[PDB]
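An overview of the molecular structure
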Amino acid sequence: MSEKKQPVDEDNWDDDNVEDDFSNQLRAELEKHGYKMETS
Amino acid sequence: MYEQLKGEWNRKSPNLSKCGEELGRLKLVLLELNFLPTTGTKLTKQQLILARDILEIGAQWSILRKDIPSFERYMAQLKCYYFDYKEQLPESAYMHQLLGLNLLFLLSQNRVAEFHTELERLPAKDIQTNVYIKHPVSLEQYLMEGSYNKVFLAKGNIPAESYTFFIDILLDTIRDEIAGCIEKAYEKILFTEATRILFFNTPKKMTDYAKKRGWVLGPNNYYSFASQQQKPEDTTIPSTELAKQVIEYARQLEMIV
Amino acid sequence: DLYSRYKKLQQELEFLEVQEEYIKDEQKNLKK
Amino acid sequence: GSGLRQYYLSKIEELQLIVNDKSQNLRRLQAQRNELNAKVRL
Amino acid sequence: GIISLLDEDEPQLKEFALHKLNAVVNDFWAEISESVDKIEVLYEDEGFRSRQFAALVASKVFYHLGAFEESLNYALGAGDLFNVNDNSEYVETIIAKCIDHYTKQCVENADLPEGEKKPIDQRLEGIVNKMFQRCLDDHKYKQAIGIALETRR
Amino acid sequence: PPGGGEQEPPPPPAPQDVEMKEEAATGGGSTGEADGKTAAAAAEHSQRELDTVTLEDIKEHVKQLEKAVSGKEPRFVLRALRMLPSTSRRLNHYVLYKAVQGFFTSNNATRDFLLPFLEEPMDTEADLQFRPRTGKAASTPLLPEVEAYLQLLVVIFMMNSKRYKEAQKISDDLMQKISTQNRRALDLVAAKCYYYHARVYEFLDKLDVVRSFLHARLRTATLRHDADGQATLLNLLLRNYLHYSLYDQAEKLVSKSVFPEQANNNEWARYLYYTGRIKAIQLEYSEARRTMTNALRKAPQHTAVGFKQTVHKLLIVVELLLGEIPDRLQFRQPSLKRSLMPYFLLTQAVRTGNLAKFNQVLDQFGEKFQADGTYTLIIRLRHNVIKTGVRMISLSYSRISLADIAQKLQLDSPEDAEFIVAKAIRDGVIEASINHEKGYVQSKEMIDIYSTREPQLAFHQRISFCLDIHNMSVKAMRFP
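Residues numbered from 1 in each chain as written, not as in the entry; some residues may be left out. Chains lettered and ligands numbered in written order. Part of a larger assembly, values for the part shown. Heavy atoms only, no water.

Method of determination for the deposited model, per the PDB record: cryo-EM, at 3.3 Å resolution.

Taking the PDB entry as the reference, chain D is identified by name as 26S proteasome regulatory subunit 8 belonging to Homo sapiens. For this entry, the PDB record gives the title as "Cryo-EM structures and dynamics of substrate-engaged human 26S proteasome".

Under the PDB entry, the name given to chain A is 26S proteasome complex subunit SEM1, and the organism recorded is Homo sapiens. According to the UniProt record, the Subcellular location comment for chain A reads "Nucleus". Under the Sequence similarities heading, UniProt states for chain A: "Belongs to the DSS1/SEM1 family." (UniProt positions renumbered as here; feature names shortened; annotations may be inferred.)

Below, the structure written as C-alpha cells:
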C-alpha cells in the first residue's frame, strides 16, 4: 500500500545525551569529592 | 476409488458436473475412516496425500474461475490437513507455492495481522529456502519502509505461473488508498503528477480516477473540495453528568462502610 | 432433611440481612 | 442424584456462602456499636 | 478448516455437516464465536432435517461463551433431541437455569391468573416433569416432594 | 572415614526438628481452620501456602539419608484419624516415630513406595473429608521427588501420583462438596504440579489430553467457585498455545475470561506479560508497550528471577518498533551481564545510520537472537531504521522542507525524503501536515490540556481508586 509517493529524482541509553554531553572536565572530581572545610 | 483422477488435469477444466463428481469423490474421502484425528493406519493418509492434491487443483480451479470464498475454503481445509493431528506429513512439492498463493491472497487484503502470525510456524522454511515464500516476505520487507510501488518495479519477477489475480488485487489495494490519501491533506496536484508517479502514462487510468473517484481534470488541475468541519462545543452537556460524579463522591464517603 | 436445609438457609439470609440494616441505623443514631 | 439432588446440593452452596460471608460483616458491625455505646455510657 | 464446511448447499453435505458437527463438537468452541450465523442460518434451513441438532451444538457454544439465556432458549428449541439427552453433568447446569426460570415464571403466573398471563413454553416444562420422573425412578421421594412445593403446582 | 565419619551426626536433626514441625503446625492449624473458620477463603496458611512455594524448593530436596526425612513420609501418610482418642494416638505418633528416625532406621521409599503408601490414607477408618489434608498429602509424594529435579523414569510416577491427585479433584467434585472451598487450595496445588507437569510435557510431546482436561478444569470455575483458580490455569492455558507456533492467538483474544479482578500481585503481573507478547505480534505497539511497562513494574521484587530477565528484554524491543530510543542496562544484574551483551549492540545501530554494521551483528549474534524467541524483528526492524530518523527530525524541526530532510539522511534527493512522509502520519508518528504549494512539513503544539477537560477525566479514575482502598481497609479491619 501507498509507496509514500514521490516526484523528484557506545551503548549510552540516554546515557549518550549524558555521555556525548560528557568529555573534557571532571576526572579529578571522581575522588575529588572531600578536601574543602579548613580554607574554604 | 480414484474417481476421474487426472482426466481434465492439465489442459482445461470446463466441466461443471465434474465438481459434484469431485465432491462425490470428496464424499468418499471423509467417509473411508475419519478426518479429525486420523490416528491409525498411516495408509489412510495416503489418499489424504492425494486429497491434498485434488484440493490444490480445486484451488487452481477456483483461481481459474475467480472464486474468493472457495479459495479460502480450500486453503483452510488444506492447512488443517497440513495440521493433521498426526503430523507426520511426507513432503509434497506443491505445498510451498500453495502457501505462497495463500501468502499473496492474504497480503493483498490488508491482513498484515494475519501475515505476521502466519510466519511463526515456519522459522527456516520461510527464509533460508522456498522462493515462493521468500518472494512474498521480500515483498513484505519491501512493504515496510518505502517500497510499495518499487514493488511494481519488481513486478516482473514471478517464480510460478502468472500470479496476476493477486497482483491485480495488489493493484487494487494500493491505487485506492492512493486515492484516499489524495482526498486527505495532500491537497491538489496537476495531471502530470498523476501520470509519471502513480504509474502508466495515459491509458484509461484517467478513466479509473475520474469515475471511481471524482478529481475531474478541468483547466489543468485535479481539484479538491471541502474536507473540513465546524468543531462545535457545549461543555455543559457534561454539567448534568459531572454533577452525577460529585453526588456519587459524597455518597460513598458519607455511607457507613 | 435436604429440603429443610435449603429453606432454613434462606431464612438465615434476610433475618441476618435485617441485622445489617439495623447497625447502620444504630451507628448513625449514636453519632447524634 | 445428578438430576434430582445436584439441583439442590449445588444451590445450598451459595446459600451457605453468603451466610458464611456476612457473619464476618456482622461481627465487624457488632464491635463498632459496642465502642460507641461504651463511649456514650461513660 | 472445519468452519468453512458449513458453506455448501447440497443436502448430502447438510446431513454430512451434522456428521462433522458432532465431530468437532469437543474443544474449539472459542473458534465458533465467529460462527454464530453459520449455525443460525443453518438453523433457518427447513431442508436441513436435523435443525434441532444445530441447536444442540449451539447450546454447547453459548455455554462456552457464557450466553446462559441463549443456551437456555436453544435448549428449548432443540425439541426431542434435547429431551432425549439428560444423562450428563453438562446438562445439569442448564436444567438448573430452567427450574430457576420456571419457578419464577410460575410465581409470576400465580400472581395474576386473571388475564395477560405469560404462557409457559411446553418444552420448558417438557424436561421439568421428565426430571420429576427421575425422582419417581431413583427411589428418592423427599426430593420428589421437594420440587412439588417449589414448583407452585 | 575419620574425616567424613564425624560430619555425620549434625546433618539429620536440623531437618528432623524444624522441617518436622512446620507442616505439623500447618497440618494442624489449617485443619482447625477447615473444621472451624467457616470463612477460610483466605487462611493464614495461604501465606504458609506461599511459604511452601519457597520452603521445599530450598529446605529439603532428597529424603536426607542418615535417616532424617526418609521417616517423615511413612509417619505423615499413616494418618487414619478416627476420633479424639484415636487422633491422640496419632498425636503421639508425631512424637513416637521420631525415635524411629533417630534411634532406629527410617522407611526408605526411593521414589516408588509412596504410591502404595497411599493405602494408609485408606487403612483402618481413614478420612476422606480432609481433602486439604490429603491434598497436601498428595503434594508430599511430589515434594522430595519432583523438587529434586530428577526428571528420570519417575516422571511416569510423577504422573501416576498426579492421577491420584486428579482423582482428588474427583473427590472434590463428587465426594461431599459441602461448602469448604477447598478448590482454591487445590488449584494452587493444581498449579504446583502443573508447573512441573508443564515441564514434564516439555520433556515429552503435546498436551491435547491435558487441553481436554484443562478446558474442563477451567469449566468448573465461574459457576462453583472463582478466585485465582481461573487465573493460574489461564496462564497455563496461554503459555503453550504461545509455545506452539500456530495461529493460536486470536483464540486468546476471544477467550473472554481475562478478569478475575486480582491475583495477589504475582500471577496477574505475568498475566499481563503473556498477553503483552500476544498483542505485540499483530503490530499493535503502543497499547502493547504500556502493558509491557506495567508488567515489568508490577512484581519485580526479587533479584534477576529469570522472567524479569525476559520482560526487560522484550520491553524496548517493541519500543524499538515504534522508534523512541531507550536502551537497556540502567537496571543491570549479574544474571543480566551475560544476557545483555548481544542485546547490547542491537539498540545502538538504530540511532546510527549504518545498517551493514547492523546486518553484521545480526549475522554475528543471530543464534542468541534465535534462542530468545525474537525471530521476527528483522522483518520489521529495517522498517524502524528509517522511522527512528524521521521522527528525530520531526521532533527537532518545527517546519521542515522535503528538499532538506533527504540530504541529511544520506538519502541523496528530495524524493527519497518523502518516501518516509506518508505512512508515519498514518502510523501515528507526527502531527504534521503537508501542503502541495511549498512541500513543507509543519506540525503544531498542544496547549489545551489544562485549558480544556483533560485533568478531571484522569482524576475520576484516581478518585475512585483511592476510595476503594479506604473501602478495602475498613471491611478488612475489625477481625478482633
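Picking up where we left off.
Topic: the overall build of chain D
Looking only at helices and strands, one finds two helices and zero strands in chain D. A principal-axis box enclosing the C-alpha atoms of chain D has dimensions of 60 × 10 × 5 Å. Residue burial in chain D is summarised as follows: out of 42 residues, 36% are buried. Summing over all exposed atoms, chain D offers an accessible surface of approximately 2400 Å²; the carbon and sulfur share of this is 52%. Here chain D contributes 8 positive and 4 negative side-chain charges, whose respective centroids are spaced 9 Å apart. (Helix = DSSP H or I, 4+ residues; strand = E, 2+ residues; numbered from the N terminus. Buried < 20%, exposed > 50% of the residue type's maximum accessible area, 1.4 Å probe, protein only. Areas by Shrake-Rupley, 256 points an atom, 1.4 Å probe, with all protein chains shown as cover. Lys, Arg positive; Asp, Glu negative; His and termini not counted. Charge placed at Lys NZ, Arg CZ, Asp CG, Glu CD.)

Focus on the overall build of chain A
For chain A, the count of helices and strands is one helix and zero strands. Seen along its three principal axes, the alpha-carbon backbone of chain A occupies a region of about 70 × 20 × 15 Å. The buried share of chain A, taken over its 40 residues, is 18%. Total accessible area on chain A is roughly 3900 Å²; 46% of this is exposed by carbon and sulfur atoms.

Quick look at the sheet that holds strand β3 (residues 440–442) of chain F
All names here are of chain F. Here three strands make up an open sheet; going across it, the order is β1-β3-β2 and the pairing antiparallel. Pairing within the sheet leaves two strands with one partner each, and these edge strands are β1 (399–401) and β2 (433–434). Sheet topology note: the β2/β3 ladder contains two bridges and is antiparallel. Residue pairing across strands places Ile434 opposite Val441, the latter belonging to β3. (Pairing = 2+ DSSP bridges.)

Here we look at the interface of chain F and chain A
Interface size is commonly expressed as the accessible surface area that is lost when the partners come together. Tallying the contact residues gives 23 residues for chain F and 13 residues for chain A. Counting the surface lost from both chain F and chain A, the interface buries some 1500 Å², and carbon and sulfur atoms represent 52% of this. Considering only the side of chain F, the residues that lose the most area to chain A are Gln348(F), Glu415(F) and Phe419(F), jointly responsible for 34% of the buried surface there. Taken together, the links from chain F to chain A amount to one salt bridge. Across the salt bridge formed by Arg351(F) and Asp16(A), the nearest N and O atoms sit 2.7 Å from each other. Here chain F is connected to chain A by six residue pairs in polar contact. Residues belonging to the side of chain F that touches chain A are distributed by class as follows: eleven nonpolar, four polar and eight charged. (Contact = heavy atoms within 4.5 Å. Buried area = accessible area lost by both parts, 1.4 Å probe. Salt bridge = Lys/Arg side-chain N within 4 Å of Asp/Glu carboxyl O. Polar contact = N/O pair within 3.5 Å; in protein donor to acceptor, adjacent residues only side chain to side chain. Nonpolar A, V, L, I, M, F, W, Y, C, P; charged D, E, K, R; others polar.)

A look at the packing of helix α2 (residues 13–35) of chain F against helix α3 (residues 45–58) of chain F
All names here are of chain F. Running from N to C, α2 and α3 point in directions that differ by 150°, and their axes come no closer than 11 Å. With respect to α3, the axis of α2 lies roughly antiparallel. For the pair α2 and α3, the crossing hand works out as left-handed. Judged by residue contacts, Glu22, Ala25, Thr26, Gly29, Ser30 and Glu33 of α2 engage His45, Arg48 and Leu55 from α3. Grouping the constituent residues of the contact of α2 with α3 by class yields two nonpolar, four polar and three charged. (Axes fitted to C-alpha atoms, helices over the stretch in contact; angles between N-to-C directions. Parallel < 35°, antiparallel > 145°, perpendicular 65-115°, else oblique. Left-handed = near helix turned anticlockwise from the far one by under 90°.)

With respect to a negative patch on the surface
Judged by side-chain charge, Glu14(C), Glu17(C), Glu21(C) and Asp25(C) come together as a negatively charged surface patch. Relative to the helices and strands, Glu21(C) is located in helix α1 (residues 2–31). (Patch = residues over 30% accessible without salt bridge, like charges linked within 9 Å, V, L, I, M, F, W, Y side chains within 5 Å.)

Observations regarding the interface of chain F and chain B
Taken residue by residue, the interface counts 31 residues in chain F and 29 residues in chain B. Around 3100 Å² of area is buried between chain F and chain B when both sides are counted, 57% of it from carbon and sulfur atoms. Counting across the chain F and chain B interface gives one salt bridge. Close ionic contact of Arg426(F) with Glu177(B) constitutes a salt bridge, the shortest N to O distance being 3.2 Å. Summed over the shared surface of chain F and chain B, the number is twelve residue pairs in polar contact. Those elements that place two or more of their residues in the side of chain F that touches chain B are α19 (378–396), β2 and α23 (455–475) of chain F. At seven residues, α23(F) tops the list of elements feeding residues into the side of chain F that touches chain B.

Remarks on the pattern of salt bridges
Across all of its chains, the model carries 19 salt bridges over all chains by this definition. Among the salt bridges present, the one from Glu118(B) reaches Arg121(B), with a minimum N-O distance of 3.8 Å. Residue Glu118(B) is classed as buried on the basis of its relative accessible area, which comes to 13%. Its salt-bridge partner being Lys169(F), residue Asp173(F) comes within 3.1 Å of it at the nearest N-O pair. Of this pair, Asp173(F) and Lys169(F) both sit in helix α7 (residues 155–173), four residues apart, which is roughly one turn of that helix. For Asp173(F), a relative accessible area of 22% corresponds to the partly exposed category. Under the relative-accessibility criterion, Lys169(F) is labelled buried at 13%. By sharing partners, the salt bridges in this structure join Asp86(E), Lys130(E) and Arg134(E) into a single network.

Things to note about α1(C)
The first and last C-alpha atoms of α1(C) sit 45 Å apart over 30 residues, in line with the 44 Å expected at 1.5 Å per residue. Taken together, the buried positions of α1(C) are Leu2(C), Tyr3(C), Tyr6(C), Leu9(C), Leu16(C), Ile23(C), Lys24(C), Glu26(C) and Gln27(C). Residues of α1(C) that are buried make contact with α1 (6–9) and α2 (11–41) of chain D together with α8 (144–150) of chain E. (Expected span 1.5 Å × (residues − 1).)

Description of the environment of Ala422(F)
Along the polypeptide, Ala422(F) turns up in the loop between α21 (414–417) and β2. Judged by its relative accessible area of 9%, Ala422(F) falls in the buried class. Sequence-distant contacts of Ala422(F), that is, excluding residues within four places in its chain, are made with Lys4(A) and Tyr186(B).

Topic: the nonpolar core
Ranked by size, the top nonpolar core spans 59 residues in total, and within it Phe115(B), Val137(B), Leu139(B) and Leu170(B) carry the most contacts. Listing elements by their share of this core, those giving two or more residues are α2 (46–65), α3 (68–79), α4 (95–107), α6 (131–142), α7 (150–153) and α8 (164–183) of chain B together with α19 and α20 (402–408) of chain F. It is α4(B) that contributes the most residues to this core, eight residues altogether. (Core = buried A, V, L, I, M, F, W, Y, C linked by side-chain atoms within 4.5 Å.)

Things to note about the arrangement of the chains
Highest in contacts among the eleven pairs of chains that touch are chains B and F. As for chain D relative to chain A, no contact occurs, and the smallest C-alpha gap between them is 53 Å. Note that chain A does not reach chain E: the shortest distance linking a C-alpha of one to a C-alpha of the other is 28 Å.

Description of a nonpolar patch on the surface
Nonpolar side chains collect at one region of the surface, where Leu128(F), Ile170(F), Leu174(F) and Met175(F) lie side by side and expose about 380 Å² of accessible area between them. Among the structural elements, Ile170(F) can be located in helix α7.

Remarks on the packing of aromatic side chains
Applying the stated rule across the entire model yields 17 aromatic pairs over all chains. With 6.1 Å between their ring centres and 80° between their planes, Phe152(B) and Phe199(B) make a pair best called edge-to-face. Remark: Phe199(B) occurs in the loop between α9 (193–196) and α10 (205–212) and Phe152(B) occurs in helix α7; sequence separation between them is 47 residues. The exposure class assigned to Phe199(B) is buried, which follows from its relative accessible area of 16%. Relative to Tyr8(D), the ring of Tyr6(C) has its centre 6.0 Å away and its plane inclined at 5°; by these criteria the two rings are stacked. One end of the pair, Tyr6(C), is in helix α1; the other, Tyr8(D), is in helix α1, on a second chain. Residues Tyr6(C) and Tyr8(D) agree in their burial class; the two are buried. Through a chain of ring-to-ring contacts, the aromatic side chains of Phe71(B), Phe105(B) and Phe166(B) assemble into a single cluster. The ring of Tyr43(E) carries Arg51(E) above its face, with NZ or CZ at 4.4 Å from the centroid. (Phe/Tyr/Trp six-rings, centres within 6.5 Å; stacked < 30°, edge-to-face > 60°. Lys NZ or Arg CZ within 6 Å of the ring centre and 35° of its normal.)

Some details on unusual backbone geometry
In the Ramachandran plot, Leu89(B) falls in the positive-phi region, its phi being about 55° despite a non-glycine side chain. As for its placement among the helices and strands, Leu89(B) is situated in the loop between α3 and α4. Phi angles above zero are rare outside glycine, and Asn265(F) is one such case at about 65°. Residue position: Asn265(F) is located in the loop between α11 (250–254) and α12 (267–281).

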